[PDB]
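*Asks:* Right, I'll just put the structure down here and ask away after.
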Amino acid sequence: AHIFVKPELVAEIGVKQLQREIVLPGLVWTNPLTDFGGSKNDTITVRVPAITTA
Amino acid sequence: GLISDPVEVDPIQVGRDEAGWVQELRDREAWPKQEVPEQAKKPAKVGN
Amino acid sequence: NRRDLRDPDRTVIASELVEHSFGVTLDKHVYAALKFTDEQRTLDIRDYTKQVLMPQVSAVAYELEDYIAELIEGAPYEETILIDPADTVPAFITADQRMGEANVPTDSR
Amino acid sequence: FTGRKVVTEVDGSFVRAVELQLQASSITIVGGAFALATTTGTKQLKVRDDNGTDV
C-alpha cells in the first residue's frame, strides 16, 4: 500500500547502565607516606618502636 | 644503547624486588582460597 | 587497567567504549465499540452520557489496566522468588537483595 | 493507540524488576465428594491450593 520514508529517531530518557557506589576509598588509611621518590628502592622504612622486658 | 631500543630493566625495580616489601595478595577469584603467600607472612626486620 | 611500576613492558591496553540501544514501539490499538438501532436511540436510551459514554470509557480504562498488567506479568524474569507462606519476609528480603546486587537505585521502587 | 516495553540490560538480562510467587504445598477439590443430578449432568470443578488460591 502506502509507503512512507521516515527517520530512525534516537532518544535518551535516562536509562543508564547500572553501576555500584564507591565506598571503599574513604574507609582505608590513605597516604600516611608520600616521599617514595627520594627513598631508595621506592621504599619508605617504617620503624616500629622497641619493647623490653623486666 | 639507543633511544629506539626497548626499555631496559630498571635497577630501582631490581632493588625493590630484592627488598621484598611489595605486597603480594591472595587471588580474590580463586576457589578454594589460596594459601597465604610467603612474603605476606614474612616477619618485620630486626633492624634496617 | 593496571600495570606494574617500572616494568620494562611499556604496553597499555586500550579501553573501548560501546554505546547500546533499545527500541520502544507503538503496537496495539485498544477500542470500545457500540451500535444502537434508531429505535433504541429514539426510545430506549434516556440520557446518552451516563447510559452509553461512561460505560464505554470505563471499559477502555479497564482494558488499559489489563494491558499494563500483562506487560508487568509477562516480563522476562530469569527466576521467580518463592514466598513461603509460613515465613514470607525472607522472600522479600531476597527480592531487595537481588535488586541491590544489580545496582538498581533504591528510590522509585 | 498503545505501546509497552520491558527495559532490559545491555547484555539481555532483566534486573530492574523482580517477580515473587506464593508456594503451594497441596491442592484440594472444593466441595469434596459429590453426586451428579442426572446421568448426563455436568459439574464445574474448582481446585484450591493450600493458600486458598483458585488454581
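Chain order of the listed sequences is A, B, C and D. Using this note's numbering, the final residue of the first sequence is 54, and nothing's skipped along the way. Using this note's numbering, the final residue of the second sequence is 48, and nothing's skipped along the way. Using this note's numbering, the final residue of the third sequence is 109, and nothing's skipped along the way. Using this note's numbering, the final residue of the fourth sequence is 55, and nothing's skipped along the way. The beta carbon of each residue, even a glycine, is placed where N, CA and C say it ideally should be.
Can you give me the Cβ contacts of residue 60 (chain C) inside the same chain, cut-off strictly under 7 Å, excluding the 5 residues immediately before and after it?
*Replies:* Around residue 60 (chain C): 30 and 32.
*Asks:* Excluding the 5 residues flanking residue 16 (chain D) on each side, which residues of the same chain have their C-beta closer than 7 Å to its C-beta?
*Replies:* Only 7 meet the Cβ criterion.
*Asks:* Where do the ends of the alpha helix (DSSP H) carrying residue 3 (chain B) lie?
*Replies:* It is not in any alpha helix (DSSP H) - residue 3 (chain B) carries neither H nor E in the DSSP assignment.
*Asks:* What do you reckon, are the CB atoms on residue 1 (chain C) and residue 19 (chain A) nearer than 8 Å?
*Replies:* Cβ distance not < 8 Å, so residue 1 (chain C) and residue 19 (chain A) don't count as in contact.
*Asks:* List the residues of chain B whose Cβ lies closer than 7 Å to the Cβ of residue 41 (chain A), in chain order.
*Replies:* The answer, in chain order, is 12, 15, 16 and 19.
*Asks:* Give the residues of chain C in contact with residue 47 (chain A), contact being defined as C-beta atoms less than 8 Å apart.
*Replies:* Under the 8 Å cutoff, chain C gives no residues; its nearest Cβ is about 24 Å from residue 47 (chain A).
*Asks:* Kindly indicate the opening and closing residues of the beta strand (DSSP E) around residue 29 (chain D).
*Replies:* Where residue 29 (chain D) is concerned, the enclosing beta strand (DSSP E) stretches over 27-29.
*Asks:* When you compare each of D:36, D:42, D:34 and D:24 to residue 50 (chain D) by their alpha carbons, which one comes out closest?
*Replies:* Checked all of D:36, D:42, D:34 and D:24; the closest Cα to residue 50 (chain D) is D:24.
*Asks:* Give me the Cβ distance between residue 20 (chain D) and residue 95 (chain C), rounded to the nearest whole Å; I'm assuming they're in contact under 8 Å.
*Replies:* Contact holds; Cβ gap of about 6 Å.
*Asks:* Tell me, to the nearest whole angstrom, how far the beta carbon of residue 42 (chain A) is from that of residue 12 (chain B); I am working on the premise that it is less than 8 Å.
*Replies:* The pair is a contact, with the Cβ atoms about 6 Å apart (cut-off 8 Å).
*Asks:* What residues of chain C sit near residue 33 (chain A), judged by a beta carbon separation below 8 Å?
*Replies:* Within 8 Å Cβ-Cβ: nothing; residue 33 (chain A) doesn't reach chain C, min ~15 Å.
*Asks:* Going along chain C, which residues have a C-beta under 8 Å from residue 24 (chain A)?
*Replies:* The contacting residues do not exist; residue 24 (chain A) stays about 15 Å from chain C at best.
*Asks:* Round the Cβ separation of residue 2 (chain D) and residue 67 (chain C) to the nearest angstrom and send it over; I've been treating them as touching at under 8 Å.
*Replies:* Yes, they are in contact, since the Cβ atoms of residue 2 (chain D) and residue 67 (chain C) sit about 6 Å apart, within 8 Å.
*Asks:* Based on the DSSP output, what are the partners of residue 28 (chain C) in its beta bridges?
*Replies:* BP columns for residue 28 (chain C) point to D:2.
*Asks:* Which partner residues does residue 54 (chain D) have in the DSSP bridge list?
*Replies:* Note: residue 54 (chain D) sits in a beta bridge opposite D:48.
*Asks:* Please report the straight-line C-alpha distance between residue 46 (chain A) and residue 91 (chain C), rounded to a whole angstrom.
*Replies:* Their backbone Cα atoms lie some 51 Å apart in a straight line.
*Asks:* When the Cβ atoms of the region 1-19 of chain B are set against those of the region 6-20 of chain C, are three or more pairs found closer than 8 Å?
*Replies:* Verdict: yes, contact present.
*Asks:* Could you work out which residues of chain C lie near residue 18 (chain A), taking near to mean beta carbons separated by less than 9 Å?
*Replies:* In chain order: 102, 103, 104 and 105.
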